[PDB]
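Here the structure comes first, spelled out in structure tokens, and everything after it is commentary.
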Amino acid sequence: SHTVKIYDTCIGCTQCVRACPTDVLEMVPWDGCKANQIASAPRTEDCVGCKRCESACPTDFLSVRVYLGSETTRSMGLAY
Amino acid sequence: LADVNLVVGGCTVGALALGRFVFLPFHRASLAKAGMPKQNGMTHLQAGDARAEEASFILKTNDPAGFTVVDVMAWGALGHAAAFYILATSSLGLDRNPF
Amino acid sequence: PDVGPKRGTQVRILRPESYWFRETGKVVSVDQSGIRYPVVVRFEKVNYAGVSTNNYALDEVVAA
Amino acid sequence: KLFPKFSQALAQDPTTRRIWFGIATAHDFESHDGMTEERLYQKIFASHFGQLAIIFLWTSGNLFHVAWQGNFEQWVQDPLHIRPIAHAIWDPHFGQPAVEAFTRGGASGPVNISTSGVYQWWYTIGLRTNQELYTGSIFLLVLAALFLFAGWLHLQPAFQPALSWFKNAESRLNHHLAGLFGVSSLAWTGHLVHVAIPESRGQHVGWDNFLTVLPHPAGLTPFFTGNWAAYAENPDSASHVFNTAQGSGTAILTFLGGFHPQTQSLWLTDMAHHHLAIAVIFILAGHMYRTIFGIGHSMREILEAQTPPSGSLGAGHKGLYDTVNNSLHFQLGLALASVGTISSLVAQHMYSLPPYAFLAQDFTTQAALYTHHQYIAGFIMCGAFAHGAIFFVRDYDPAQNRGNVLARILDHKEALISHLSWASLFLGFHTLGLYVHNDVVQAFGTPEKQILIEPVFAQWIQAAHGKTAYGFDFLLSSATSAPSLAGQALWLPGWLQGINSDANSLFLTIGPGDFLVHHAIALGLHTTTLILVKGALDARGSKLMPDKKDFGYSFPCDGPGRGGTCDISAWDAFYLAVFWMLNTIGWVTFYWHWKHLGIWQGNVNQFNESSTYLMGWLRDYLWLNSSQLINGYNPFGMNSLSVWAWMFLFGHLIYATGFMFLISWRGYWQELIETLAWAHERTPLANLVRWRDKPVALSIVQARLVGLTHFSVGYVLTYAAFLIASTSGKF
Amino acid sequence: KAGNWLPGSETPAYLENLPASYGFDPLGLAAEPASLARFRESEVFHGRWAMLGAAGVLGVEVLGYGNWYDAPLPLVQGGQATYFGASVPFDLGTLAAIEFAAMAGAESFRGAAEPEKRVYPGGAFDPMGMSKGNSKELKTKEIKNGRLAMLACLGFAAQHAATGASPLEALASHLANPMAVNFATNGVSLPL
Amino acid sequence: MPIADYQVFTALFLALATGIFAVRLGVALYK
Amino acid sequence: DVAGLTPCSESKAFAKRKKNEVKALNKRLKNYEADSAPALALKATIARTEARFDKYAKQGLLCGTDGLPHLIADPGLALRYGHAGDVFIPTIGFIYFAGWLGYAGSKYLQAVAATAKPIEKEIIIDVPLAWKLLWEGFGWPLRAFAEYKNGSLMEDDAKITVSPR
Amino acid sequence: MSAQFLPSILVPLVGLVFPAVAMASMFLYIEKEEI
Ligand code: CLA
Ligand code: CLA
Ligand code: CLA
Ligand code: CLA
Ligand code: CLA
Ligand code: CLA
Ligand code: CLA
Ligand SMILES: CC1=C(/C=C/C(C)=C/C=C/C(C)=C/C=C/C=C(C)/C=C/C=C(C)/C=C/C2=C(C)CCCC2(C)C)C(C)(C)CCC1
Ligand code: SF4
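Protein chains in written order, with my numbering: chain A, 1 to 80; chain B, 1001 to 1099; chain C, 2001 to 2064; chain D, 3001 to 3731; chain E, 4001 to 4192; chain F, 5001 to 5031; chain G, 6001 to 6165; chain H, 7001 to 7035.
Structure (structure tokens):
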């Protein structure tokens, strides 16, 4: 239950969506960049908070931005 | 150290006359510039502190120059403080002079 | 006609949230399509992520 | 799973975190769900009532225990040859030898010897018997009950005050300056004159006969006739015996200065006159602001006119009134800064100018009181800066505070941080370098190659106060100068007599060792301030995290990206600065303790020669003075200092434990706990018991808090044990 | 302007139309208009008070009635200060009170007036009708004499605080042998 | 003259009453 | 005397310390043939100690209650008492040498910044250029004051990057 | 001192009875599930 947002500085490089290990980020058609694609975070219920997505964004400042918040079993990464 | 009566009475009457005749224009000008205190742009009364409502016995007086009773009390307090400074200091008999 | 700064000129960054705020960089291209940020600027010095190329708009890329 | 009633986010947590964070966020009302400004202010007001009830109950408990289990009546007769008793000990683990070893100050059973100095205070203010202590305890118990009832009363919608009542700052300042400060000290003067002064001269004045005793033989006529000097006619003789009537005198408002020869404390008439002057001044100051009577000041207009021309300050203080008034963390930081600095003031004055009878005579009490108030002040200063950081993260509005001194000081924060960095680097480099140089040249058997700078500036200031030891002959040390001629008939006789005598702590002599230690103190203050100021200013955002205010005051990190962002929040700046505050206050207390331990034994030379190199500190202070402390219990028995030896090792254990949380981080522990969870769900006879909360390792910020709390508690306990056992052992 | 205190130099532009202006403002204390207006009023009033003060300090000594420093001493440690050789039957308390009342009245009337009438109020303060015939020149003379008298009063204070003499006594002492009893010979002004 | 037993008992009883006031205020704050 | 400190050449404790330290070294001597390498080393050490104690007494350093030299860190109160070699003169000497090294480094940075690979000329120093600038750094007071009076020493903050407040 | 028996009763109350009861009540309340 972390709040993942994607801002318009995105250039659609697909790095953030290959980085994510839990499939929270996705590519959708867009038009505000040359690649004509932007990222989106529909499955944000699955966000663990690893910030691998945020560590792969080349834009300055970062386009994918994670805000850790409420903790659930999915967010806390509990196998037991 | 010569008559509490004369010094305190003369000092208080002089201070009253000095705050009614001499310092009153500047006092009123500064009071008009300052005005009632405001929080976030509104007086404490508008914000909801109905105890910050201005006392009614000062808004309208009968002194032709607007000298209210609270002004009288402030100026009399200053006069008594100065008079008792005079008394208590003249009562001492020690060399404070740095010479 | 061509829009924005010329290719190869030096510009001063004016985005307050950028690593190179108030520092100079050379334009390597300006896209003409209609992107929000078409100006592409190259700096000598890298940022914390190790990159040196960034895209800026046109109101925040004062030349010279 | 509904314990955190105030936080729905934490209630739904399926783990043990819900408990931990559910405790640590119980008082942050602004973060609670469904919270309005009105409700916040009302809840805060009631919490303050609860706090005063706690304080009154604590002081009533002290009084009751001294009256019940203490030897106050015995201590009054022989204030110098009796050890004040705190409370009795009832512990069923004690062996017989410990019961033997803890029966001390004449009591029938094992007891604790008080190091709080409350005996001296109550003795000085007029309390002589235990019935008076019991009466005070009962009165304070009732008073705490009354404050509790008021706190409940004002939580009620019939009596709940509106929010605009709380923000009324002019009326609150008027009443706190004139009423809470002025009239309270006026009444303290009334007590001193009516009770403490006559009880200091053998006469008994109590509730029974205070209306039949004249505090002055010509009562109230000099006061109303202006003949005020008649209240300082014959003061206390230099041969006065406290508590008795041997050369007592009739003056009630004297201004002698200096010390009482027997008690080695301030004259009581001096303090009575002090509080009279303070009362008059504070009442006058309390008539400054405007309420509802059409006179006074509007603080907003004062702030709006403190804008210098030429625009050196920018918009001046435009918008500071609303900024302070609206933000409760700004007010809390200001109050904490003031209270902490005043705690340091209390510590620094009460040893050089002891105010209580037969204080300073007792040595463990002096050290205990000084170290206590110094540590309290250090913690309060860290809190003031933490709440400044919280103000910036939470309640700072750039649009309202645009162009005022707050915006201008945020504008050039890099200058501030870089110059604090330079000052701290300089002080550290050079103080360490001089210490190491002295230490090496001493190690090679040539102590004459030592760099021993003389503190000529501090020695010069000491000489300006009348200390005729450095031959400066400057201001008050020149019996011919204007300040000397002015005070030579009022206060200067006693003051100069006290300052020029080496029998007290009033302005100790200082050499090169004092120079080195003061520069160590300067390094500590500057580095602690660097950490705190940097974390307060670099709290709305850095170059590394330009949107930090979007995350709040406390958060773990920002992932391992951009090189790594551990300890990036402002809370982590407070965390890192707590260590430096501990270290700096430790230096201050080490310096004070060694200086005075040399003073009290007459051996000033040990400090004056051994304090210029660090092995002198390690050997002639820590190692030498720890002999009696660590010998409290040993295979040959134990003595009264066994409790302090156990506490010494206990503090060592706590501090060493805190390193575990400080060094190891959440990630080894999570896997370890998770293997343990596999072990428990999976073993016979224990599958019948399952956890209601999923056991998870402590969070990152929580673990930092836990390690820091252990560190601080261990630090405090270890030094307190060493101090008490090293001072009470020798004296 | 007429003058330039540092001949080869450039003067601030806000100091031109003012009477007795020399461009003397190396600290930029008049960079703002309202500040400069207040400073101009204060300079003129200070000049007047210091002319009166310097005239008094010189005229109590040239007339022969003690120096300015020892004039208030007799009022303390005794009483009845002397004027022209006479003796006022007033103590320090009544002197302070009467001065406070009179000065309060006078300077409260002055302070409540218009900006220009706070510094150059002819009216009844120019009985000899001299403000006419272009007072600009007269204002310059007043300002320059005031500057000289202000510097003289500060000189009285400092010379008495350093050598402990009296104005005419210091004058005579310096005149007797200037090359060896100037300010460079006392042990105060020069820390040598 | 040490304080008598009845004084100790009166003090303890009044402390119990004060504790009752305290618990009332505490539950008011929890609300 | 400047603050209750008698000159070490007068202080009895200073001479007593001299005596005791020399006596310790003599006791160490009384174990070797006065012609062996250890004996020569001990004799040289004693000569060095005596020279140091005489040198300190000659220069008029101030000794305290104990026999240890003290220093004065106030210009004026050290210049009118003949003790400017304690802190003021070494202050000048340091400030000069520190400024020399700092100015040499600063000018080397500004000289290699305007090259092809400035990040390369910091890990592989150009020794002739470094040595030339190290020689030019000796006049650093002159050149630095020239650049301050010129305004070319410093940079206006409108061009230095800052954090987002 | 007076009432020598009183500590022997009050100390176990506050160091054993009160802590156990308070901890039991607190652990029941934090797990009350519906307050
Ligand atoms: C005469 C009127 C009056 C008085 C007496 C008080 C008194 C008090 N108010 Mg209050 N208040 C008032 C008017 C008044 N108020 C008005 C008109 C308003 C509306 C504008 C408010 C609004 C208000 C609020 C919102 C709050 C208070 C609070 C408090 C309490 C302050 C906390 C405290 O006890 O520390 C006491 C402080 C001192 C005694 C001064 C200490 C001086 C320094 C720190 C130390 C110096 C002393 C000395 C060196 C120490 C040596 C002693 C040692 C030997 C033991 C206090 C009892 C707070 C509170 O606690 O809630 C109950 C609080 O929240 N007031
Ligand atoms: C607020 C503290 C306080 C209180 C409650 C008292 C109370 C008392 N004093 Mg005392 N006193 C005090 C402070 C105080 N005093 C101080 C600070 C000093 C000087 C250091 C003295 C010196 C003193 C002397 C020398 C004598 C007393 C005496 C007395 C008793 C006779 C009543 C009286 O004085 O005549 C009545 C008072 C008046 C007619 C005028 C007083 C009104 C004043 C000027 C203004 C009141 C405003 C004030 C700020 C209100 C504060 C509120 C506060 C009381 C809660 C009385 C029980 C006399 C006595 O008989 O001993 C038993 C006695 O001779 N006092
Ligand atoms: C008038 C004093 C005062 C007040 C009213 C507040 C009020 C507040 N502070 Mg604060 N603070 C203060 C002083 C004060 N502080 C000081 C002096 C410091 C320096 C240490 C701090 C540092 C500080 C920080 C870093 C933070 C706050 C926060 C807060 C807010 C929430 C508090 C909370 O989370 O509760 C919870 C209370 C606890 C978790 C208690 C923790 C346990 C303590 C620290 C140690 C226990 C060990 C124990 C003593 C050992 C027993 C001894 C024995 C074994 C030997 C709150 C509005 C928080 C905040 O504002 O959120 C942004 C925040 O993060 N404060
Ligand atoms: C003995 C332990 C220790 C020491 C020596 C220091 C020293 C220092 N701390 Mg630190 N600190 C410590 C513990 C320590 N800390 C702990 C436990 C914490 C909690 C985590 C902190 C948290 C902390 C913070 C948050 C900050 C500091 C800062 C600083 C620097 C302050 C500036 C200064 O004083 O300049 C003096 C310099 C010295 C004393 C270093 C000595 C110089 C060396 C020894 C000379 C080199 C000789 C030789 C060539 C060495 C190499 C030989 C080898 C390679 C063979 C300083 C270097 C502040 C800072 O960064 O400064 C701007 C900073 O903000 N500290
Ligand atoms: C004095 C400081 C201290 C202490 C007490 C501990 C203690 C412990 N560490 Mg630790 N550690 C420390 C410092 C310390 N460490 C530091 C500085 C680091 C950084 C390198 C680490 C890094 C570290 C790692 C990586 C690991 C540990 C582990 C452990 C646990 C191993 C289990 C054990 O030892 O058996 C028993 C525990 C004790 C003997 C502790 C003392 C308790 C007393 C003797 C008995 C308890 C009864 C008590 C007194 C009664 C309760 C009182 C009541 C009021 C509650 C243990 C609790 C390991 C672990 O988690 O388990 C395998 C683990 O892998 N530590
Ligand atoms: C020639 C290079 C150079 C220069 C001109 C400066 C200049 C400055 N530094 Mg800096 N610094 C340097 C190198 C340099 N530094 C290096 C290599 C480091 C990494 C250790 C630092 C780390 C550093 C810190 C942490 C701080 C400064 C600060 C400062 C300022 C305060 C002055 C000071 O005492 O700093 C102190 C100097 C040091 C701590 C170390 C100096 C390093 C050596 C001695 C110099 C390097 C010379 C170079 C290797 C030789 C090249 C010669 C050429 C011929 C090849 C100042 C403007 C302070 C500041 O913030 O400004 C107020 C500050 O806190 N510096
Ligand atoms: C808050 C101050 C305070 C403190 C720290 C102590 C501490 C202590 N008391 Mg004591 N007590 C106090 C106030 C205090 N008391 C007051 C005001 C009274 C008057 C009624 C008493 C009457 C009293 C008696 C008769 C006895 C003790 C005893 C003891 C000792 C054992 C504790 C115990 O089991 O007794 C239990 C204590 C009580 C039953 C009543 C104390 C109630 C206080 C006010 C609690 C206040 C709560 C506190 C402020 C907030 C902390 C949070 C907490 C609720 C979790 C212990 C050292 C016993 C002893 O002598 O041991 C040898 C003993 O028999 N006390
Ligand atoms: C962060 C922050 C904050 C906080 C801050 C702080 C905490 C501060 C502080 C600080 C401090 C804590 C300070 C202190 C101070 C003090 C001072 C500065 C002083 C002084 C004094 C003087 C000057 C003196 C004088 C004198 C002398 C010399 C001696 C004798 C007497 C006399 C008086 C004469 C706030 C929120 C607010 C804001 C924002 C953020
Ligand atoms: S190590 Fe811990 S604190 Fe550091 S970046 Fe990784 S998760 Fe954050």
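Each residue gets a CB set at the ideal place from its N, CA and C atoms; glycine is no exception.
Practice task
Identify the contact partners of D/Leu3544 in chain C, using a Cβ-Cβ distance below 7 Å as the criterion.
Solution key: Taking the fourth sequence and counting its residues from 1, the one referred to as residue 3544 of chain D is at position 544. The contacting residues are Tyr2048.
Exercise for the section: Work out the CA separation of G/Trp6100 and G/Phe6145 for me, nearest whole Å. Expected result: If you number the seventh sequence from 1, residue 6145 of chain G lands on position 145. If you number the seventh sequence from 1, residue 6100 of chain G lands on position 100. Looking at the two C-alpha atoms, the distance is approximately 13 Å.
Problem - Expected contact under 8 Å - CB spacing of D/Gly3707 and D/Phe3636 to nearest Å - result: One-based indexing of the fourth sequence puts residue 3707 of chain D at position 707. One-based indexing of the fourth sequence puts residue 3636 of chain D at position 636. Contact flag wrong, Cβ pair sits at about 38 Å.
Exercise for the section: Answer yes or no: do C/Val2040 and C/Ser2029 have a C-beta to C-beta separation smaller than 9 Å? Expected result: Within the third sequence, numbered from 1, the residue matching residue 2040 of chain C stands at position 40. Within the third sequence, numbered from 1, the residue matching residue 2029 of chain C stands at position 29. A contact, by the Cβ cut-off of 9 Å.
Exercise for the section: Give a yes or no on whether the minimum CB-CB distance between C/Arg2042 and chain G is below 9 Å. Expected result: The residue you call residue 2042 of chain C lines up with position 42 of the third sequence. No, no contact with chain G.
Exercise for the section: For D/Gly3559, go through chain C and note every residue whose CB falls closer than 9 Å to its CB, in chain order. Expected result: As a working note, residue 3559 of chain D is residue 559 in the fourth sequence. Going along chain C, no residue has its Cβ under 9 Å from D/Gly3559, so there is no contact; the nearest lies around 12 Å.
Practice task
Label G/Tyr6103 either buried or exposed according to how many other C-beta atoms from any shown protein chain fall within 10 Å of its C-beta, with 16 as the threshold for buried.
Solution key: Taking the seventh sequence and counting its residues from 1, the one referred to as residue 6103 of chain G is at position 103. Classification of G/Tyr6103: buried, given that the 10 Å Cβ count is 16 or more.
Handout entry: Check: G/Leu6153 C-beta below 8 Å from any heavy atom of ligand 6
Key = Counted from its first residue, the seventh sequence places residue 6153 of chain G at position 153. The answer is no for G/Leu6153.
Exercise for the section: Round the Cβ separation of D/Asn3112 and D/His3087 to the nearest angstrom and send it over; I've been treating them as touching at under 8 Å. Expected result: Here residue 3112 of chain D is taken as the residue at index 112 of the fourth sequence, counted from 1. Here residue 3087 of chain D is taken as the residue at index 87 of the fourth sequence, counted from 1. Indeed, because the Cβ distance is near 6 Å, the residues count as touching under 8 Å.
Problem - Limits of the alpha helix (DSSP H) - the one that G/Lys6107 falls within - result: Counted from its first residue, the seventh sequence places residue 6107 of chain G at position 107. Residues 6088-6113.
Exercise for the section: Answer yes or no: do D/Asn3130 and F/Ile5003 have a C-beta to C-beta separation smaller than 9 Å? Expected result: Position 130 of the fourth sequence holds residue 3130 of chain D. Position 3 of the sixth sequence holds residue 5003 of chain F. Yes, Cβ-Cβ distance for D/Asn3130 and F/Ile5003 is below 9 Å.
Exercise for the section: For B/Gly1019, verify whether its CB is less than 8 Å away from any heavy atom of ligand 8. Expected result: Residue 1019 of chain B sits at position 19 when you count from the first residue of the second sequence. No; taking the cut-off as 8 Å, the Cβ of B/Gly1019 has no heavy atom of ligand 8 nearer than that.
Exercise for the section: Provide the residue(s) that pair with C/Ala2063 in DSSP beta bridges, ordered along the chain. Expected result: For the purposes of this step, residue 2063 of chain C is identified with residue 63 of the third sequence, where counting begins at 1. Its beta-bridge partners are C/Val2011.
Exercise for the section: Quick one: using the 10 Å Cβ neighbour count with 16 as the cut-off for buried, is B/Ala1029 buried or exposed? Expected result: As a working mapping, residue 1029 of chain B is identified with position 29 in the second sequence. That one is exposed.
Exercise for the section: Alpha carbon to alpha carbon, how far is D/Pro3354 from D/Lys3467? Give it in angstroms, no decimals. Expected result: Position 467 of the fourth sequence holds residue 3467 of chain D. Position 354 of the fourth sequence holds residue 3354 of chain D. Straight-line Cα distance between these residues: approximately 19 Å.
Practice task
Flag this pair as yes or no: are the beta carbons of D/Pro3215 and D/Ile3197 separated by less than 9 Å?
Solution key: In the fourth sequence, the residue the question calls residue 3215 of chain D occupies position 215. In the fourth sequence, the residue the question calls residue 3197 of chain D occupies position 197. In contact: D/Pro3215 and D/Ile3197 (Cβ atoms closer than 9 Å).
Exercise for the section: Could you spell out the range, first to last residue, of the beta strand (DSSP E) harbouring A/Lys5? Expected result: Counting from one through the first sequence, the residue named residue 5 of chain A turns up at place 5. Start and end: 3-6.
Practice task
Please list, in chain order, all residues of the same chain as D/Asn3438 whose beta carbon is under 7 Å from its beta carbon, the five residues on each side excluded.
Solution key: For the purposes of this step, residue 3438 of chain D is identified with residue 438 of the fourth sequence, where counting begins at 1. Cβ within range, chain order: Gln3450, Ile3451, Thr3612, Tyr3613.
Exercise for the section: Take every Cβ of the region 3380-3388 of chain D, pair it with every Cβ of the region 3335-3346 of chain D, and state whether three or more of those distances are shorter than 8 Å. Expected result: yes
Exercise for the section: Output the distance between the C-alpha atoms of G/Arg6080 and E/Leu4192, rounded to the nearest integer angstrom. Expected result: Counting from one through the seventh sequence, the residue named residue 6080 of chain G turns up at place 80. Counting from one through the fifth sequence, the residue named residue 4192 of chain E turns up at place 192. If you take the alpha carbons of G/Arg6080 and E/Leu4192, they lie about 8 Å apart.
Problem - ligand 9 heavy atom lying under 8 Å from the CB of D/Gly3559 - result: Against the fourth sequence, residue 3559 of chain D aligns to sequence position 559. Yes, the beta carbon of D/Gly3559 sits closer than 8 Å to at least one heavy atom of ligand 9.
Practice task
Might you give, ordered along the chain, the residues of its own chain that have their beta carbon closer than 6 Å to the beta carbon of D/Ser3185, omitting 5 neighbours on each side?
Solution key: Locating residue 3185 of chain D in the fourth sequence gives position 185, counting from the first residue. Same-chain partners within the cutoff: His3275, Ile3278, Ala3279.
Exercise for the section: Compute the minimum distance between the beta carbon of D/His3274 and the heavy atoms of ligand 3, and state whether it is under 8 Å. Expected result: To locate residue 3274 of chain D, count along the fourth sequence from 1; it is residue 274. No, since every heavy atom of ligand 3 falls outside the 8 Å radius drawn around the Cβ of D/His3274.
Problem - Extent of the continuous beta strand (DSSP E) to which C/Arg2042 belongs - result: Position 42 of the third sequence holds residue 2042 of chain C. Element bounds for C/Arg2042: 2039-2042.
Handout entry: Environment of H/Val7017 [buried if 16+ CB atoms lie within 10 Å]
Key = Locating residue 7017 of chain H in the eighth sequence gives position 17, where the first residue counts as 1. Exposed: under 16 other Cβ atoms inside 10 Å.
Exercise for the section: Provide the residue span of the alpha helix (DSSP H) that contains G/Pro6128, from first to last. Expected result: Mapped onto the seventh sequence, residue 6128 of chain G falls at position 128. First-last of the alpha helix (DSSP H) with G/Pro6128: 6127-6136.
Practice task
Output the distance between the C-alpha atoms of B/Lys1060 and E/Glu4114, rounded to the nearest integer angstrom.
Solution key: On the second sequence, position 60 is the one that residue 1060 of chain B refers to. On the fifth sequence, position 114 is the one that residue 4114 of chain E refers to. For B/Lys1060 and E/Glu4114, the gap between their C-alpha atoms comes out near 29 Å.
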